[PDB]
Amino acid sequence: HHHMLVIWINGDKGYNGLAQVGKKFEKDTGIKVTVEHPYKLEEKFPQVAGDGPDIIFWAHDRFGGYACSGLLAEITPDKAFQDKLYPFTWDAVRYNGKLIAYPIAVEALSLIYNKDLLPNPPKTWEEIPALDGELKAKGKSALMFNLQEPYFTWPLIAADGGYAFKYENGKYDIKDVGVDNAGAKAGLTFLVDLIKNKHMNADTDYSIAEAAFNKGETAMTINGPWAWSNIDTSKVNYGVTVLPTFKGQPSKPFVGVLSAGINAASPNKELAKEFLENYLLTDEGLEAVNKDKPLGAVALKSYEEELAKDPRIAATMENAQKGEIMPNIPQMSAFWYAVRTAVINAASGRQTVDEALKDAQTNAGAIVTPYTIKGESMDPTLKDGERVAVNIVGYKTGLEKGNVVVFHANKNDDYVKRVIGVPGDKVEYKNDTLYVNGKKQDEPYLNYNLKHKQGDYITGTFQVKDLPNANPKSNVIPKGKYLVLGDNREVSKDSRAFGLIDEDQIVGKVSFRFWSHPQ
Amino acid sequence: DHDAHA
Ligand SMILES: OC[C@H]1O[C@H](O[C@H]2[C@H](O)[C@@H](O)[C@@H](O)O[C@@H]2CO)[C@H](O)[C@@H](O)[C@@H]1O
């Protein structure tokens with residue numbers, strides 16, 4: 001808890017080097033420093049942040065989501081300190097006007113190649129098929145890299161025109177997503193073609209690709225500076241160079257800035273600040289980490305003037321220049337998840353490229369907001385206190401019968417009920433039997449309440465035409481109106497009492513996990 | 001925390 005620091009950093013980074021900086025800090029101050037590298041730490045952090053590390057290391061892209069959620073302290077570096085780091089690194093860690101992390105290092109992917117298998121790396125993605133042909137002849141392959149994380153395939157996807165969210169007039173437009181445009185389709189198609197033609201395997205992941213390259217089995221890989229240490233150990237004669245072009249266009253990697261945030265709930269914020277500013281972000285601190293696993297082009301000017309000398313760093317920055325700084329907006333999480341699914345599905349054959357990217361386009365922009373359920377009127381479908389995810393609906397967008405919707409009841413109160421009828425639907429109840437457009441409709445979500453009722457009927461007979469805001473001449477639901485009922489029908493105050501609601505009151509659809517799925 | 005009344 002109190003007289004110590006717990007730090008999270010990813011498994012692929014120099015965590016032993018960071019721990020040595022932690023030992024120096026313990027020597028000087030008596031404050032113990034524990035460095036952990038949990039699997040999927042970037043997803044776990046919100047879970048635990050309630051506990052959780054005092055300091056969390058990740059690429060800057062995740063931090064706006066963390067900050068929006070109130071999980072991060074605003075950092076308070078003075079001018080003198082701010083001047084020690086490149087201005088553009090500070091830009092990566094600013095969110096809603098405030099600094100929310102300490103930038104550490106600029107990361108971009110490069111093409112890494114074995115000079116003994118391949119003295120001249122290919123200028124173009126288009127050469128790789130032939131090249132693989134030649135290399136297969138001697139029991140080798142041309143190219144292996146991690147296909148499970150879209151970070152690694154994004155440079156190819158963006159080459160001919162893909163993008164995440166358009167940045168225009170000083171802000172990102174969350175509605176302008178570049179995932180299923182022509183450029184993205186061509187790139188992902190070429191990737192799938194490589195797999196179809198057995199020049200790559202769809203199951204290749206980080207460790208498989210790294211082992212292959214470091215054991216001399218593949219001529220090329222795609223990875224960041226962190227990977228160079230293991231290659232040094234392997235004695236592969238390697239080079240780090242500019243990524244090939246695709247359709248004449250440079251590959252465009254998403255550039256990250258490894259950043260260090262301070263938990264908003266930490267009682268050691270002052271120690272965290274001391275550690276980061278005066279131990280880590282020094283020539284000596286960065287060197288210790290860098291010596292373990294290279295950081296990339298560091299944020300600290302004094303040390304970067306040394307590392308910029310390295311040709312491999314010159315390559316890293318060259319690839320960066322053709323790419324783009326990741327957005328840090330909260331929507332990034334949804335983007336990456338959408339694009340991970342799309343690549344995996346297109347590569348495995350589960351979907352075509354058009355299908356995968358059409359779904360990804362939709363999912364990357366779909367805004368999701370957490371809500372807490374209050375009351376028992378949706379029981380047992382939703383319970384009092386239940387945390388749910390709510391898919392925000394665009395102003396005049398596709399609501400459907402069965403959807404459970406959050407809506408504004410008044411200026412202060414949001415309600416949640418199930419859509420039983422949409423505009424145009426003719427609806428009534430005869431006892432507990434639902435009739436929509438002349439057909440009885442089963443309501444399996446009421447099965448429990450139907451079989452544990454206090455009364456004769458849980459919903460009871462009624463007709464739309466008798467309800468507030470209805471067409472009193474018709475059971476057909478008016479234009480822009482919706483019939484909503486609570487699943488706990490016996491106790492629910494819903495359209496039976498307050499009538500049809502308006503389309504403009506609806507905020508989103510509640511997402512449900514279905515208990516069953518394929519194995 | 002956004003709350004929704006069931
Ligand atoms: O693949 C999606 C993933 O991309 C980036 O994660 C990188 C990270 O920036 C690197 O430092 C390195 O650890 O590899 C990761 C990919 O496995 C984003 O930073 C991350 O948020 C995103 O989910």
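Proteins get letters first, then strands, A, B, ... in listed order; numbering begins at 1 in each. Every heavy atom of this structure was used, including side-chain atoms; hydrogens, water molecules and symmetry mates were not. In listed order, ligands and their atoms are each counted from 1.
- Within a 6.0 Å radius of NZ in A:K185, more than 12 heavy atoms belonging to other residues, nucleotides or ligands are found.
- For atom 13 (O) of ligand 1, the closest heavy atom belonging to the protein is A:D12 OD2, 2.7 Å.
- Contact annotation: A:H60 has no heavy atom less than 4.0 Å from any atom of ligand 1.
- Close approach of ligand 1 to A:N10 (heavy-atom distance below 4.0 Å) involves ligand atoms 13 (O).
- Geometrically, A:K13 engages A:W226 in a cation-pi contact, judged by NZ or CZ lying under 6.0 Å from the ring centre and within 45° of the ring axis.
- Atom NZ of A:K301 has more than 12 neighbouring heavy atoms from other residues, nucleotides or ligands inside a 6.0 Å radius.
- Of all protein heavy atoms, the one lying nearest to atom 2 (C) of ligand 1 is A:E149 OE1, 3.2 Å.
- Stacking of A:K166 on the aromatic ring of A:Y163 is recorded, both the 6.0 Å distance cut-off and the 45° axial limit being met.
- Within a 6.0 Å radius of NZ in A:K136, more than 12 heavy atoms belonging to other residues, nucleotides or ligands are found.
- The N/O atoms of A:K13, backbone and side chain alike, include one that comes under 3.5 Å of an N/O atom in ligand 1.
- When A:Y151, A:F335, A:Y206 are ranked by how near their heavy atoms come to atom 5 (C) of ligand 1, first place goes to A:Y151.
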Working for side-chain hydrogen bond (donor to acceptor under 3.5 Å, both in side chains), residues A:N230 and A:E210: CA-CA 9 Å; A:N230 291 347; A:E210 180 175 37; 2.9 Å; yes

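- Under the 30°/60° scheme for interplanar angles, the aromatic rings of A:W154 and A:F254 are found to lie parallel.
- Residue contacts with ligand 1, taken as heavy atom pairs separated by less than 4.0 Å, involve A:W58 solely via side-chain atoms from C-beta onward.
- Heavy-atom distances between A:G224 and ligand 1 stay at or above 4.0 Å for every pair.
- For atom 10 (C) of ligand 1, the closest non-hydrogen atom of the protein is A:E107 OE1, 3.5 Å.
- Between A:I56 and A:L41 the shortest side-chain heavy-atom distance falls below 4.5 Å.
- Counting atoms of ligand 1 from 1 in the listed order, those under 4.0 Å from a heavy atom of A:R340 are 2 (C), 23 (O).
- In this pair, A:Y66 and A:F63 present their aromatic rings perpendicular. The plane angle is above 60°, beyond the 30 to 60° band.
- Taking 4.0 Å as the cut-off, A:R62 counts as a neighbour of ligand 1 on heavy-atom distance.
- Shortest contact from atom 19 (O) of ligand 1 to any protein heavy atom: A:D61 OD1, 2.7 Å.
- Using 4.0 Å as the threshold, A:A59 has a heavy atom nearer than that to some atom of ligand 1.
- Backbone and side-chain nitrogen or oxygen atoms of A:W226 are examined, and none is located within less than 3.5 angstrom of a nitrogen or oxygen of ligand 1.
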